[PDB]
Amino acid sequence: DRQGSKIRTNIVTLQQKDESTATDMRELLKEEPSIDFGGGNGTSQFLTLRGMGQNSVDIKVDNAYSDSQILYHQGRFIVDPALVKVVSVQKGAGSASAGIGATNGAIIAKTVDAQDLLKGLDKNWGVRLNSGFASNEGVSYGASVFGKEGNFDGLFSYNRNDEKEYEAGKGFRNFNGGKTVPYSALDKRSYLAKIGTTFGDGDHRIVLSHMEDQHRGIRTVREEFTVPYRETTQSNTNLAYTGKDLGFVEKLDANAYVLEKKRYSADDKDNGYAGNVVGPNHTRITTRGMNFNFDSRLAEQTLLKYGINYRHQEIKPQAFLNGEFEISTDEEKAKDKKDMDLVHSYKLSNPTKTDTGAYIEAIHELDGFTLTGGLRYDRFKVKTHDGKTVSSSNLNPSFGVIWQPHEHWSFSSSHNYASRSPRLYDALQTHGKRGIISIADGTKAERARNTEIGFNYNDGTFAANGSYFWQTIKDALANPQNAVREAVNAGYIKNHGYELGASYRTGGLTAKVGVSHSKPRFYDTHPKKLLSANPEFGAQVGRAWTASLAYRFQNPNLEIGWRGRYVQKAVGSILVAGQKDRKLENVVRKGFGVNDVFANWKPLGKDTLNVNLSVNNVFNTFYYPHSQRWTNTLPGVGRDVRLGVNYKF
């Protein structure tokens, strides 16, 4: 890692996850101050990265990701850590070779492999069982089988986490006076099947994989708020190839995938967003993509990278419902009449979006000085649900340097352009009951320019890093203009800020500190101000501080520690123009402090058996996280005690 805080790779590792009691990403990455999560369970949660929300930050798993969503009242699906081997972060705009839509960062995850599960074992196959118990409130378990034979390796993994409704901190009251947050229960299931082969004497690898992650339970219409049975599923079929030494190509990595997001309601009758479909309602989003990334060496320490990005998205609702379209103290209803007339007339099909990218990037190194320059060609085609098409393309130039004058020090900067194509409207509303959703003529991709400085220090005992970033996004899209409404570029986004992290390690003691603060501001340049305060776009998070102190005893092999996360009071909407209720809102978010303690115990002295115990939110603090609407939606989890065990043999 040499870009300051810009890029943190292996923020969490499998051997680290085994020592933790966490069963979602929100807890796993709680010590990372520039990532903030909303309250609530499952897709109740909204994620922000430097204050920017999932409308711009992807979650990439095995290099497949989609940018469409189910509905704006819930966060985009966040993957279950049980499946992953490694999680990394990339903030701001990426260089040429990053992929499509790299305007703000991405959480990047890679699924587990037989090789990682075999890590503590004396042989080429194993089983892993695990169990977890949460006081507030859930039980989880899982099993895996895996191995490596000759050049083959394979894994099958199953995990379930059944959680009841959680209760919030001292002083929260239900709508009927309980402690629990209503409809916050989810029965989460995930499995992963993966086969892989290496051949060509070690130079080639093919991995085929299938993954499902599924949430099921009784869930509200708007998952972001509390007061029918639902199943929300993310599936991934992935083929990935890695070859080296292919004549003039030093390294090629390609993947191809199909990503399915499914929402199933048992009965949508009372869901206007879903059309009030009576009985089962199925909504699907299908993403296909391929990536080819090539590396050719030009000289002993200059690498050239080039490749191709293809992504196809298709939203497929159960049926269209525009014909049911309809409009509510009046006297000029003449107009309303002509409209319904107009919408009923429409012959809706499945909205789609193709994103196409080629890029070329040069990396030249000489005696500690690394220069990186690159260019991307990004092309989109968007087909809204009225058959109406619209394309654009952009050239995106990027460069950065890494300067390493001394083995303990590095300094960095980058200035990157990147573009992101307009997102298709909420999948769950694609039927059009509520209106036509078109796209305006010549509407372009959002264009980010990201510049940052950073530094990294490490002497094997003390480590530190910092970043400062500035970002401008031109042609931001939020709401559609004039109902046949259409997607338009409606203003620009500015963001700036910093993050610092430091750490200390001597003889079993580990101490870390972090701080992050950003200022995401959305500027309206369109008469009927179409920019949105929805958490999807982002939130003004208060300055976030994290720290931990942990000590590991030699006998028995045991770690105990404390962890803490403090966020300061924030004020202001992300909208420069101000955000409105149903009057301008004067946004203020109380700050809060959360404290955890945890223990990891390895009875065998090795990584094959972990016994973990933690008490999260020890003071049973009642608070609302900032990455969500400010009107006290979903509080954080109160005191939660956990006991987990994982075991490999």
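In this text, residue numbers run from 1 along the sequence as written.
*Asks:* Gap size between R582 and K583, counting deposited residues with no coordinates: none, 1 to 3, 4 to 9, or 10 or more?
*Replies:* According to the record, 1 to 3 deposited residues lack coordinates from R582 to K583.
*Asks:* Deposited residues absent from the coordinates between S328 and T329, none, 1 to 3, 4 to 9, or 10 or more?
*Replies:* The entry has a long gap there, with 10 or more residues left out between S328 and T329.
*Asks:* On mean C-alpha B-factor from the PDB entry, just flag whether 391 to 399 or 338 to 346 is the higher one.
*Replies:* The stretch with the larger average C-alpha B-factor is 338 to 346.
*Asks:* As stated in the PDB record, which stretch has the larger average Cα B-factor, 245 to 253 or 358 to 366?
*Replies:* It is 245 to 253.
*Asks:* Out of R263, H526, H210, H496, which shows the largest CA B-factor listed in the entry?
*Replies:* Of the options given, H526 has the highest CA B-factor in the PDB entry.
*Asks:* From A143, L155, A487, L500, pick the one with the largest CA B-factor in the entry?
*Replies:* The listed residue with the largest C-alpha B-factor is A487.
*Asks:* Lowest, middle or highest third: where is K606 by Cα B-factor in its chain?
*Replies:* Ranked within chain, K606 CA B lands in the highest tercile.
*Asks:* For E314, return the chain-relative third of its C-alpha B-factor as stated in the PDB record: lowest, middle or highest.
*Replies:* It belongs to the middle third of the chain when residues are ordered by C-alpha B-factor.
*Asks:* In terms of the chain's CA B-factor thirds, is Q628 lowest, middle or highest?
*Replies:* Answer is middle: the recorded C-alpha B-factor places it there.
*Asks:* Looking at the entry's B-factor column for C-alpha atoms only, identify whether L192 ranks in the lowest, middle or highest third of its chain.
*Replies:* For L192, whose C-alpha B-factor we compare with every modelled residue in the chain, the answer is the lowest third.
*Asks:* Within this chain, which third does the Cα B-factor at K569 fall in: lowest, middle or highest?
*Replies:* It falls in the middle third of the chain.
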